[PDB]
There are 2 protein chains.
Amino acid sequence: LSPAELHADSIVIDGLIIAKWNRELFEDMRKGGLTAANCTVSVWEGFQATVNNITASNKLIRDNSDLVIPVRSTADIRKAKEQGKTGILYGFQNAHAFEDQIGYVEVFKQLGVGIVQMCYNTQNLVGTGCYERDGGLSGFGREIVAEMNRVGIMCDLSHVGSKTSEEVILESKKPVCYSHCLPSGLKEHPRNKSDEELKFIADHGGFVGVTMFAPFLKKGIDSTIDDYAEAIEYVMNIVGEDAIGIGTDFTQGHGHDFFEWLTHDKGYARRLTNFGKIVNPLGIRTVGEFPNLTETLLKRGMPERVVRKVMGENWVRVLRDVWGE
Amino acid sequence: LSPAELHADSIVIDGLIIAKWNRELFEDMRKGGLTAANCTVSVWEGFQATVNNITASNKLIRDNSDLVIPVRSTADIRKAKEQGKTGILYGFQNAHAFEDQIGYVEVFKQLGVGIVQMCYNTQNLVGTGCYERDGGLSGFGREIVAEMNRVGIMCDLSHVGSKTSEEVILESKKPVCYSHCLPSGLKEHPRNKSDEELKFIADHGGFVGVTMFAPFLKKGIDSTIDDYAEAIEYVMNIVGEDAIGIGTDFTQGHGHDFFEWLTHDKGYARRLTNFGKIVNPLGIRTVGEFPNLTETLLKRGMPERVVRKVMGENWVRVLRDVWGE
């Protein structure tokens with residue numbers, strides 16, 4: 001009932017987190033009662049470099065198994081909750097890790113990867129990102145989507161351009177998602193999505209995780225926990241209460257080198273953009289503050305049942321759909 | 001001079017050979033009076049692997065140095081004519097070997113690569129090739145072209161397809177070429193270029209070597225060395241006598257797997273096309289019959305100085321310009 005007992009008695013999931021990994025990050029996940037999270041282990045990296053991140057990841061988990069456990073099935077999510085731990089679901093923010101092999105889709109799946117973004121800002125072998133002329137979904141890309149549907153890896157399009165994004169929604173036989181994005185109806189920015197877009201992905205059984213990245217918020221570095229709920233309500237107004245969730249996009253622990261890496265093509269080439277100061281909305285600057293989002297949305301008019309949805313239940317339902325598991 | 005004396009006294013150069021390497025291939029090159037030839041060492045492979053192709057090539061050059069030598073500058077071309085050997089010019093048919101490192105461009109030039117094709121049939125990191133909806137040249141591609149221009153690696157667009165192709169011609173500050181293509185005015189086909197595309201490339205200081213791959217010829221597997229001259233004459237009629245050359249798509253020695261490799265995306269995925277029965281036009285079916293090409297053109301009426309140009313002079317000139325030497 002009380003905004004604390006609810007968060008506690010609930011499945012909380014985060015669609016996207018790219019924080020510096022260490023035991024302290026893990027403990028802050030626990031402090032926030034986080035049940036599970038899509039953790040990025042690749043963005044610009046190729047096959048082997050991505051594999052390395054996974055090896056490094058499996059080690060941190062292994063060494064901190066009293067705080068976190070791997071996530072391959074939604075059953076792992078139920079386990080994590082009933083065990084007082086945080087489930088970790090491996091994700092890629094780029095299909096580039098597959099390189100030119102369609103066989104790697106099954107390989108990574110076998111290594112615990114459950115969500116893969118099609119592209120990242122610029123042109124891929126499969127499609128093209130959101131910061132450049134979008135050429136659409138390539139032939140090779142349609143083969144990658146297909147195998148991903150067969151193997152059980154969800155298609156993510158947060159950083160993919162509109163042309164290729166639409167083709168992917170129309171091609172996959174399993175729900176796709178925008179793990180972390182914001183409405184352009186509040187802020188123009190190249191990474192935000194239009195109302196037409198948000199309505200189009202929901203109509204096709206899609207899912208949408210609303211993010212809180214300062215740069216993409218209407219008020220930016222002056223945004224508050226409430227400005228986030230505002231955006232979450234704007235999206236739910238188009239998407240509906242069954243296709244909306246959370247995708248904070250927490251970059252907790254990272255520094256200067258990390259952001260410059262995210263803003264230059266390939267992590268080192270030409271400048272694609274400039275985010276500016278990185279200031280999360282006041283009221284939810286750290287993972288350990290996740291519970292303020294349950295209390296907020298709650299004290300904002302949204303009934304308990306819908307809240308359970310937005311905080312995690314919805315993420316579980318789609319992941320269950322896509323993994324058959 | 002009789003066509004025999006002429007061919008022998010001429011600098012004959014093949015814009016593109018991609019046959020099975022061994023001591024028998026060389027020797028046949030010598031029989032043909034071949035001065036220098038653009039030899040492909042990459043088409044579907046990435047950085048390392050292409051490098052392996054290169055160390056294996058260097059091995060052959062070294063073990064058969066009485067017949068061949070490396071060609072890095074137009075001076076190396078003259079050196080071959082002086083020593084009666086065939087200079088080998090390492091070339092790529094896909095920029096995929098650069099992967100996502102603009103620094104690899106210089107790396108390969110230092111290893112001998114002097115001519116590179118931007119894409120091969122399908123989407124790249126830099127563009128798209130004929131055979132699929134062409135999105136154009138990307139930001140990463142624009143950077144690659146700029147570096148290629150600086151380091152001295154000529155841009156090839158035979159398998160690139162109009163759009164990224166045209167954009168490359170405008171972006172590049174050095175002449176670019178269609179090492180091996182045929183006029184679509186004689187045979188409609190995705191690999192063939194139009195009269196507008198051929199005039200365009202020439203009007204921009206570009207170069208065009210004509211090929212004789214059966215599938216692209218009007219008469220197909222029924223063509224003859226004359227049908228080849230007809231194409232050369234067709235192209236020279238637009239391009240002029242200074243922007244045309246030879247780029248016989250010699251595949252001497254290769255078997256069945258090789259062609260299936262050339263016809264499926266990434267070398268194994270979806271079939272992009274089907275060449276059919278591979279038969280070279282009668283009277284020029286082996287690199288050892290090169291002198292018949294000179295004889296023919298001459299027999300058809302092309303004056304001596306022009307024949308010398310089509311056979312090799314034009315190539316050396318554009319390579320001289322593009323390499324700064």
# chains A, B, ... in the order shown; residues from 1 in each chain; ligands from 1
>>> calpha_fit_and_write(fixed="chain B", moving="chain A", output="tab-separated table (two decimals) with C-alpha atoms, in the first residue's frame")
chain	number	residue	atom	x	y	z
A	1	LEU	CA	54.43	-1.97	-86.37
A	2	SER	CA	53.19	-5.55	-86.74
A	3	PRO	CA	50.47	-6.69	-84.32
A	4	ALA	CA	52.94	-8.51	-82.06
A	5	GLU	CA	55.83	-6.08	-82.15
A	6	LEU	CA	53.39	-3.47	-80.84
A	7	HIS	CA	52.11	-5.55	-77.93
A	8	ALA	CA	55.74	-6.47	-77.24
A	9	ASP	CA	57.02	-2.90	-77.40
A	10	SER	CA	54.18	-1.79	-75.15
A	11	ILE	CA	53.11	-1.39	-71.53
A	12	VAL	CA	50.20	-3.74	-71.03
A	13	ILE	CA	48.22	-3.49	-67.82
A	14	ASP	CA	45.10	-5.23	-66.55
A	15	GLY	CA	42.73	-3.44	-64.21
A	16	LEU	CA	41.49	-6.62	-62.55
A	17	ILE	CA	42.53	-10.22	-62.04
A	18	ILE	CA	41.27	-12.76	-59.45
A	19	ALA	CA	42.99	-15.94	-60.60
A	20	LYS	CA	44.10	-18.90	-58.49
A	21	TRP	CA	47.71	-18.03	-57.63
A	22	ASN	CA	50.54	-20.39	-58.57
A	23	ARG	CA	53.63	-20.42	-60.77
A	24	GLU	CA	51.59	-21.45	-63.79
A	25	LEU	CA	49.46	-18.32	-63.53
A	26	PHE	CA	52.64	-16.27	-63.40
A	27	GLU	CA	54.02	-17.93	-66.53
A	28	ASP	CA	50.79	-17.32	-68.45
A	29	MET	CA	51.11	-13.65	-67.51
A	30	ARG	CA	54.55	-13.76	-69.08
A	31	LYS	CA	53.26	-15.59	-72.16
A	32	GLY	CA	50.80	-12.75	-72.69
A	33	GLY	CA	53.46	-10.08	-72.24
A	34	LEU	CA	51.53	-8.57	-69.32
A	35	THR	CA	53.51	-5.73	-67.74
A	36	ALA	CA	51.42	-5.19	-64.62
A	37	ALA	CA	48.09	-6.13	-63.05
A	38	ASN	CA	45.70	-5.15	-60.24
A	39	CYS	CA	45.48	-8.41	-58.31
A	40	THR	CA	42.70	-8.87	-55.79
A	41	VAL	CA	43.74	-10.07	-52.34
A	42	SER	CA	40.40	-9.39	-50.61
A	43	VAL	CA	36.65	-9.34	-51.28
A	44	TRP	CA	34.62	-10.40	-48.21
A	45	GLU	CA	37.50	-10.70	-45.70
A	46	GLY	CA	38.07	-8.44	-42.70
A	47	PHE	CA	41.38	-6.92	-41.55
A	48	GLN	CA	43.47	-9.87	-40.35
A	49	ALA	CA	42.08	-12.26	-42.97
A	50	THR	CA	43.08	-9.72	-45.63
A	51	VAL	CA	46.53	-9.37	-44.06
A	52	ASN	CA	46.84	-13.15	-44.35
A	53	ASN	CA	46.15	-13.05	-48.07
A	54	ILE	CA	48.89	-10.45	-48.39
A	55	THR	CA	51.34	-12.62	-46.45
A	56	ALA	CA	50.44	-15.55	-48.69
A	57	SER	CA	50.82	-13.29	-51.74
A	58	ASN	CA	54.23	-11.91	-50.75
A	59	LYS	CA	55.37	-15.53	-50.46
A	60	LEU	CA	54.35	-16.58	-53.97
A	61	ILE	CA	56.08	-13.52	-55.37
A	62	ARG	CA	59.17	-14.12	-53.25
A	63	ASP	CA	59.36	-17.73	-54.40
A	64	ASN	CA	58.76	-16.76	-58.05
A	65	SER	CA	60.75	-13.49	-58.19
A	66	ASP	CA	62.08	-14.47	-61.61
A	67	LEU	CA	58.58	-13.98	-63.04
A	68	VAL	CA	56.97	-11.25	-60.96
A	69	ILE	CA	57.80	-8.28	-58.72
A	70	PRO	CA	55.71	-6.06	-56.39
A	71	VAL	CA	54.18	-2.81	-57.63
A	72	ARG	CA	53.88	0.23	-55.36
A	73	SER	CA	54.90	3.06	-57.72
A	74	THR	CA	54.55	3.48	-61.48
A	75	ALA	CA	58.33	3.29	-61.45
A	76	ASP	CA	57.87	-0.38	-60.53
A	77	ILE	CA	55.90	-0.70	-63.76
A	78	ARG	CA	58.76	0.66	-65.86
A	79	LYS	CA	61.10	-1.65	-63.97
A	80	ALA	CA	58.96	-4.73	-64.60
A	81	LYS	CA	58.84	-4.01	-68.33
A	82	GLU	CA	62.57	-3.40	-68.72
A	83	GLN	CA	63.28	-6.53	-66.71
A	84	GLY	CA	61.03	-8.91	-68.60
A	85	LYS	CA	58.73	-9.51	-65.65
A	86	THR	CA	55.16	-8.92	-64.54
A	87	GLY	CA	54.45	-6.29	-61.94
A	88	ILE	CA	51.83	-7.11	-59.33
A	89	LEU	CA	49.74	-4.37	-57.77
A	90	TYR	CA	47.70	-5.41	-54.72
A	91	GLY	CA	44.03	-4.51	-54.72
A	92	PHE	CA	40.93	-4.87	-52.54
A	93	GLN	CA	37.48	-5.30	-53.99
A	94	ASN	CA	35.99	-4.20	-50.68
A	95	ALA	CA	36.71	-1.45	-48.15
A	96	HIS	CA	35.55	-3.89	-45.47
A	97	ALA	CA	39.19	-4.86	-44.85
A	98	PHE	CA	39.58	-1.46	-43.16
A	99	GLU	CA	36.84	-2.55	-40.75
A	100	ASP	CA	36.07	0.53	-38.60
A	101	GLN	CA	39.59	1.91	-38.46
A	102	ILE	CA	40.60	4.84	-40.65
A	103	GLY	CA	44.13	4.01	-39.56
A	104	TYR	CA	44.15	0.83	-41.64
A	105	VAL	CA	44.07	2.82	-44.86
A	106	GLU	CA	47.67	3.86	-44.22
A	107	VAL	CA	48.58	0.39	-42.91
A	108	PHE	CA	47.56	-1.45	-46.07
A	109	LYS	CA	49.16	1.19	-48.23
A	110	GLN	CA	52.39	0.43	-46.34
A	111	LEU	CA	51.80	-3.23	-47.22
A	112	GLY	CA	51.59	-2.57	-50.95
A	113	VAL	CA	47.87	-2.02	-51.51
A	114	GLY	CA	47.25	0.60	-54.19
A	115	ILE	CA	43.63	0.22	-55.27
A	116	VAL	CA	40.54	-0.30	-53.14
A	117	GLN	CA	36.95	-0.81	-54.19
A	118	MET	CA	34.56	1.05	-51.89
A	119	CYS	CA	31.97	-1.70	-51.57
A	120	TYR	CA	31.14	-5.17	-52.84
A	121	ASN	CA	27.56	-5.84	-53.98
A	122	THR	CA	25.92	-5.15	-50.60
A	123	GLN	CA	25.94	-2.60	-47.77
A	124	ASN	CA	29.31	-1.72	-46.21
A	125	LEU	CA	30.26	0.59	-43.35
A	126	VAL	CA	31.16	3.15	-46.04
A	127	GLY	CA	28.51	2.73	-48.73
A	128	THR	CA	26.37	0.12	-50.44
A	129	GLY	CA	26.94	-2.23	-53.38
A	130	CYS	CA	25.17	-2.62	-56.70
A	131	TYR	CA	22.84	-5.53	-55.88
A	132	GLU	CA	20.70	-3.84	-53.24
A	133	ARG	CA	18.86	-0.61	-52.39
A	134	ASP	CA	21.70	1.95	-52.38
A	135	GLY	CA	21.71	4.23	-49.33
A	136	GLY	CA	24.52	6.49	-50.52
A	137	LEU	CA	27.96	7.26	-49.11
A	138	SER	CA	27.89	7.09	-45.31
A	139	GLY	CA	29.56	9.57	-42.99
A	140	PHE	CA	32.33	7.10	-42.12
A	141	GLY	CA	32.74	6.55	-45.85
A	142	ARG	CA	33.59	10.21	-46.44
A	143	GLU	CA	36.36	9.91	-43.87
A	144	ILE	CA	37.65	6.81	-45.61
A	145	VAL	CA	37.67	8.53	-49.01
A	146	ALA	CA	39.56	11.47	-47.52
A	147	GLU	CA	42.30	9.33	-45.92
A	148	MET	CA	42.61	7.30	-49.13
A	149	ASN	CA	43.26	10.56	-51.02
A	150	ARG	CA	45.87	11.56	-48.46
A	151	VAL	CA	47.61	8.17	-48.30
A	152	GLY	CA	47.47	7.49	-52.03
A	153	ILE	CA	45.07	4.61	-52.64
A	154	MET	CA	42.80	4.84	-55.67
A	155	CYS	CA	39.03	4.57	-55.19
A	156	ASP	CA	37.37	1.83	-57.24
A	157	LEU	CA	33.62	1.66	-57.88
A	158	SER	CA	32.97	-1.24	-60.27
A	159	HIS	CA	30.81	-3.11	-57.72
A	160	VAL	CA	29.47	-0.02	-55.92
A	161	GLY	CA	25.87	1.13	-56.43
A	162	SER	CA	24.97	4.32	-58.29
A	163	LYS	CA	24.00	6.52	-55.32
A	164	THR	CA	27.18	5.90	-53.38
A	165	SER	CA	29.23	5.82	-56.58
A	166	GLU	CA	28.24	9.37	-57.50
A	167	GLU	CA	28.99	10.74	-54.03
A	168	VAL	CA	32.45	9.17	-54.14
A	169	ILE	CA	33.23	10.76	-57.51
A	170	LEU	CA	32.17	14.14	-56.14
A	171	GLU	CA	34.10	13.69	-52.87
A	172	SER	CA	37.53	12.44	-53.95
A	173	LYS	CA	40.15	15.00	-54.94
A	174	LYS	CA	41.90	12.35	-57.00
A	175	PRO	CA	40.53	10.44	-60.01
A	176	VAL	CA	38.46	7.37	-59.14
A	177	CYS	CA	37.72	4.40	-61.39
A	178	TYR	CA	35.52	1.53	-62.50
A	179	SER	CA	38.46	-0.88	-62.79
A	180	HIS	CA	36.20	-3.45	-64.44
A	181	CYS	CA	32.72	-2.89	-65.87
A	182	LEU	CA	30.57	-2.94	-69.00
A	183	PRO	CA	28.02	-0.59	-70.62
A	184	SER	CA	24.39	-1.18	-69.72
A	185	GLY	CA	23.66	0.32	-73.12
A	186	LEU	CA	24.50	-3.14	-74.45
A	187	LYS	CA	23.29	-5.33	-71.56
A	188	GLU	CA	21.01	-4.22	-68.70
A	189	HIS	CA	22.53	-6.18	-65.78
A	190	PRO	CA	22.88	-4.59	-62.28
A	191	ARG	CA	26.67	-4.31	-62.57
A	192	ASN	CA	26.81	-2.53	-65.93
A	193	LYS	CA	26.99	1.27	-66.13
A	194	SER	CA	24.64	3.67	-67.96
A	195	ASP	CA	25.86	6.13	-70.59
A	196	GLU	CA	25.05	8.97	-68.21
A	197	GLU	CA	27.21	7.26	-65.59
A	198	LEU	CA	30.14	6.65	-67.90
A	199	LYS	CA	29.99	10.27	-69.06
A	200	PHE	CA	29.75	11.55	-65.50
A	201	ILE	CA	32.87	9.74	-64.27
A	202	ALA	CA	34.95	10.81	-67.26
A	203	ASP	CA	33.85	14.44	-66.96
A	204	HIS	CA	35.15	14.43	-63.40
A	205	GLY	CA	38.58	13.24	-64.51
A	206	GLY	CA	37.68	9.62	-63.85
A	207	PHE	CA	38.95	6.43	-65.46
A	208	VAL	CA	37.17	3.36	-66.82
A	209	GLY	CA	38.54	-0.13	-67.32
A	210	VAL	CA	36.31	-2.21	-69.60
A	211	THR	CA	35.80	-5.84	-68.56
A	212	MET	CA	34.88	-9.01	-70.46
A	213	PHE	CA	32.90	-11.06	-67.93
A	214	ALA	CA	30.51	-13.29	-69.89
A	215	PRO	CA	27.41	-12.66	-67.71
A	216	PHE	CA	27.60	-8.91	-68.39
A	217	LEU	CA	28.14	-9.10	-72.17
A	218	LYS	CA	25.36	-8.54	-74.70
A	219	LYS	CA	25.96	-11.97	-76.25
A	220	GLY	CA	27.24	-13.67	-73.11
A	221	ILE	CA	28.82	-17.11	-73.46
A	222	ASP	CA	28.57	-16.68	-77.23
A	223	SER	CA	30.71	-13.55	-77.20
A	224	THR	CA	34.00	-13.34	-79.10
A	225	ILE	CA	37.18	-11.30	-78.80
A	226	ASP	CA	35.48	-8.86	-81.22
A	227	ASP	CA	32.39	-8.41	-79.05
A	228	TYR	CA	34.82	-7.21	-76.39
A	229	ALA	CA	36.46	-4.65	-78.67
A	230	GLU	CA	32.92	-3.57	-79.55
A	231	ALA	CA	32.19	-2.78	-75.91
A	232	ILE	CA	35.59	-1.12	-75.52
A	233	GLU	CA	34.80	1.13	-78.47
A	234	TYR	CA	31.30	1.91	-77.17
A	235	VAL	CA	32.81	3.10	-73.90
A	236	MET	CA	35.59	5.05	-75.56
A	237	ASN	CA	32.87	6.80	-77.54
A	238	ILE	CA	31.62	8.38	-74.29
A	239	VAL	CA	34.70	8.38	-72.05
A	240	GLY	CA	37.31	9.46	-74.60
A	241	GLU	CA	40.74	8.06	-75.43
A	242	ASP	CA	42.35	9.31	-72.24
A	243	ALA	CA	40.05	7.74	-69.64
A	244	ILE	CA	39.71	4.16	-70.91
A	245	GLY	CA	41.65	0.98	-70.17
A	246	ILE	CA	41.49	-2.78	-69.69
A	247	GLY	CA	40.08	-4.68	-66.70
A	248	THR	CA	39.58	-8.27	-67.93
A	249	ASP	CA	38.44	-9.69	-64.61
A	250	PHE	CA	40.27	-12.97	-65.28
A	251	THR	CA	39.20	-15.69	-62.82
A	252	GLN	CA	41.72	-18.17	-64.23
A	253	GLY	CA	42.07	-21.35	-62.19
A	254	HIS	CA	39.10	-20.90	-59.89
A	255	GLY	CA	36.25	-23.34	-59.48
A	256	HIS	CA	32.73	-23.89	-58.16
A	257	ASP	CA	33.32	-23.02	-54.50
A	258	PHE	CA	34.91	-19.72	-55.58
A	259	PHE	CA	31.93	-18.57	-57.65
A	260	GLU	CA	29.34	-19.55	-55.04
A	261	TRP	CA	31.46	-17.53	-52.62
A	262	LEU	CA	31.30	-14.52	-54.90
A	263	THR	CA	27.52	-14.86	-55.36
A	264	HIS	CA	26.27	-15.16	-51.77
A	265	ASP	CA	26.30	-12.14	-49.44
A	266	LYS	CA	29.36	-12.22	-47.14
A	267	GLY	CA	30.46	-15.19	-49.20
A	268	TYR	CA	27.98	-17.51	-47.48
A	269	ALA	CA	24.61	-15.82	-46.85
A	270	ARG	CA	21.64	-15.30	-49.16
A	271	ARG	CA	22.04	-15.66	-52.92
A	272	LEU	CA	22.68	-12.25	-54.49
A	273	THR	CA	22.81	-13.50	-58.07
A	274	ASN	CA	23.63	-16.36	-60.43
A	275	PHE	CA	26.23	-15.85	-63.16
A	276	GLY	CA	25.71	-19.18	-64.84
A	277	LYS	CA	28.39	-20.82	-66.99
A	278	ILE	CA	31.71	-18.96	-66.94
A	279	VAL	CA	32.94	-18.72	-70.52
A	280	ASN	CA	35.31	-15.93	-71.50
A	281	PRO	CA	35.00	-14.46	-75.01
A	282	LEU	CA	36.53	-16.68	-77.68
A	283	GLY	CA	39.94	-15.39	-78.65
A	284	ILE	CA	40.90	-14.40	-75.11
A	285	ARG	CA	39.99	-17.22	-72.71
A	286	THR	CA	43.36	-17.17	-70.92
A	287	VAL	CA	45.76	-14.48	-69.74
A	288	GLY	CA	48.39	-15.85	-72.09
A	289	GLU	CA	46.19	-14.67	-74.96
A	290	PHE	CA	46.28	-10.97	-74.02
A	291	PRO	CA	48.12	-10.11	-77.27
A	292	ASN	CA	45.04	-10.99	-79.35
A	293	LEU	CA	43.40	-7.87	-77.94
A	294	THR	CA	46.13	-5.61	-79.30
A	295	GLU	CA	45.93	-7.29	-82.70
A	296	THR	CA	42.12	-7.13	-82.70
A	297	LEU	CA	41.60	-3.50	-81.67
A	298	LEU	CA	44.41	-2.80	-84.13
A	299	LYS	CA	42.89	-4.63	-87.10
A	300	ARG	CA	39.67	-2.90	-86.14
A	301	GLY	CA	40.58	0.63	-87.19
A	302	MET	CA	42.01	2.01	-83.94
A	303	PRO	CA	45.39	3.68	-84.66
A	304	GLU	CA	48.60	2.59	-82.89
A	305	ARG	CA	48.73	5.58	-80.52
A	306	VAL	CA	45.24	5.00	-79.15
A	307	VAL	CA	45.98	1.29	-78.80
A	308	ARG	CA	49.04	2.00	-76.62
A	309	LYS	CA	46.58	3.99	-74.50
A	310	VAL	CA	43.88	1.38	-74.04
A	311	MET	CA	46.40	-1.39	-73.46
A	312	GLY	CA	48.17	0.33	-70.58
A	313	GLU	CA	49.54	3.86	-70.96
A	314	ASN	CA	46.25	5.31	-69.71
A	315	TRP	CA	46.32	3.18	-66.56
A	316	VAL	CA	49.83	4.38	-65.82
A	317	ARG	CA	48.89	8.07	-66.16
A	318	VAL	CA	46.02	7.89	-63.64
A	319	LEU	CA	47.95	5.76	-61.14
A	320	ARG	CA	50.73	8.32	-61.40
A	321	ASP	CA	48.20	11.04	-60.68
A	322	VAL	CA	46.65	9.28	-57.68
A	323	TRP	CA	49.89	8.08	-56.03
A	324	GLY	CA	51.73	11.35	-56.67
A	325	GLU	CA	54.31	8.64	-57.27
>>> select_by_dssp(residues="range 60-222 of chain A", states="strand (DSSP E or B)", output="VMD selection string")
chain A and resid 68 to 70 86 to 92 113 to 117 120 122 to 123 128 to 129 154 to 156 160 177 to 181 183 193 207 to 210
>>> write_last_selection(atoms="N, CA and C atoms", output="short mmCIF file (atom, residue, chain, number, x, y, z; two decimals), in the first residue's frame")
data_model
loop_
_atom_site.label_atom_id
_atom_site.label_comp_id
_atom_site.auth_asym_id
_atom_site.auth_seq_id
_atom_site.Cartn_x
_atom_site.Cartn_y
_atom_site.Cartn_z
N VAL A 68 24.21 -10.28 -7.16
CA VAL A 68 23.61 -10.43 -8.47
C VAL A 68 23.73 -11.84 -9.05
N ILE A 69 22.86 -12.13 -10.01
CA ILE A 69 22.83 -13.42 -10.70
C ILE A 69 22.46 -13.16 -12.16
N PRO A 70 22.91 -14.03 -13.07
CA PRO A 70 22.66 -13.92 -14.50
C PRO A 70 21.17 -13.99 -14.80
N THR A 86 19.78 -9.02 -7.50
CA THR A 86 19.51 -8.30 -8.73
C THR A 86 19.91 -9.11 -9.94
N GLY A 87 18.93 -9.37 -10.81
CA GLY A 87 19.21 -10.14 -11.99
C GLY A 87 19.86 -9.26 -13.03
N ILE A 88 20.82 -9.82 -13.76
CA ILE A 88 21.52 -9.08 -14.79
C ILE A 88 21.35 -9.72 -16.16
N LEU A 89 20.72 -8.97 -17.06
CA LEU A 89 20.46 -9.42 -18.41
C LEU A 89 21.39 -8.71 -19.40
N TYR A 90 22.27 -9.48 -20.03
CA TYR A 90 23.22 -8.92 -20.99
C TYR A 90 22.60 -8.35 -22.24
N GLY A 91 23.03 -7.14 -22.61
CA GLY A 91 22.52 -6.51 -23.81
C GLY A 91 23.59 -5.84 -24.66
N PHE A 92 23.30 -5.72 -25.96
CA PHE A 92 24.20 -5.07 -26.90
C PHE A 92 23.48 -3.83 -27.41
N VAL A 113 23.21 -13.33 -23.86
CA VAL A 113 22.74 -12.06 -24.41
C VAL A 113 21.27 -12.20 -24.78
N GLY A 114 20.43 -11.30 -24.27
CA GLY A 114 19.01 -11.39 -24.55
C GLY A 114 18.37 -10.21 -25.27
N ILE A 115 19.10 -9.12 -25.41
CA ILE A 115 18.58 -7.95 -26.09
C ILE A 115 19.68 -7.33 -26.95
N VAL A 116 19.36 -7.01 -28.19
CA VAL A 116 20.35 -6.42 -29.07
C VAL A 116 19.78 -5.26 -29.87
N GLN A 117 20.45 -4.12 -29.79
CA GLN A 117 20.04 -2.95 -30.54
C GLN A 117 20.55 -3.17 -31.95
N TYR A 120 23.80 1.67 -33.92
CA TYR A 120 24.20 2.67 -32.93
C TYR A 120 24.64 3.98 -33.58
N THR A 122 25.21 5.49 -36.22
CA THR A 122 25.62 5.53 -37.62
C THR A 122 25.36 4.24 -38.40
N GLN A 123 25.75 4.22 -39.67
CA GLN A 123 25.53 3.05 -40.51
C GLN A 123 26.24 1.77 -40.04
N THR A 128 21.02 1.63 -40.31
CA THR A 128 21.73 2.87 -40.03
C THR A 128 21.14 3.59 -38.82
N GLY A 129 22.01 4.19 -38.01
CA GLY A 129 21.61 4.88 -36.80
C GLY A 129 20.79 6.15 -36.95
N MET A 154 15.67 -10.21 -28.36
CA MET A 154 14.82 -9.09 -28.68
C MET A 154 15.51 -7.97 -29.44
N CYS A 155 14.81 -7.43 -30.43
CA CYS A 155 15.31 -6.33 -31.27
C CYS A 155 15.07 -4.99 -30.58
N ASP A 156 16.13 -4.21 -30.45
CA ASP A 156 16.05 -2.90 -29.81
C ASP A 156 16.31 -1.84 -30.88
N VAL A 160 18.42 3.47 -33.35
CA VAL A 160 18.28 3.25 -34.78
C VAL A 160 17.44 4.36 -35.43
N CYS A 177 11.52 -3.28 -29.45
CA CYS A 177 11.39 -2.23 -28.45
C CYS A 177 12.34 -1.05 -28.62
N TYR A 178 12.02 0.01 -27.89
CA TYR A 178 12.84 1.21 -27.82
C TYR A 178 13.16 1.19 -26.33
N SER A 179 14.09 0.31 -25.94
CA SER A 179 14.49 0.14 -24.55
C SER A 179 14.65 1.45 -23.78
N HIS A 180 15.16 2.48 -24.44
CA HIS A 180 15.35 3.77 -23.79
C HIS A 180 15.26 4.96 -24.73
N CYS A 181 14.16 5.71 -24.64
CA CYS A 181 13.98 6.88 -25.49
C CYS A 181 13.00 7.87 -24.88
N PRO A 183 10.00 11.21 -25.92
CA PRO A 183 9.12 11.79 -26.93
C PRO A 183 9.65 13.09 -27.53
N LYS A 193 11.59 10.14 -30.16
CA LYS A 193 10.64 9.59 -31.12
C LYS A 193 9.35 10.42 -31.24
N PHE A 207 7.03 -2.47 -27.67
CA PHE A 207 7.20 -2.03 -26.29
C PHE A 207 8.05 -0.77 -26.27
N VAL A 208 7.87 0.06 -25.25
CA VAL A 208 8.64 1.30 -25.15
C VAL A 208 9.10 1.61 -23.74
N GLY A 209 10.42 1.64 -23.54
CA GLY A 209 10.97 1.98 -22.24
C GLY A 209 11.36 3.45 -22.27
N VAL A 210 10.76 4.25 -21.40
CA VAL A 210 11.05 5.68 -21.34
C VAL A 210 12.32 5.93 -20.56
#
>>> select_by_dssp(residues="range 32-277 of chain A", states="alpha helix (DSSP H)", output="ChimeraX atom specification")
/A:47-63,74-81,104-110,139-151,162-171,195-203,225-239,256-263
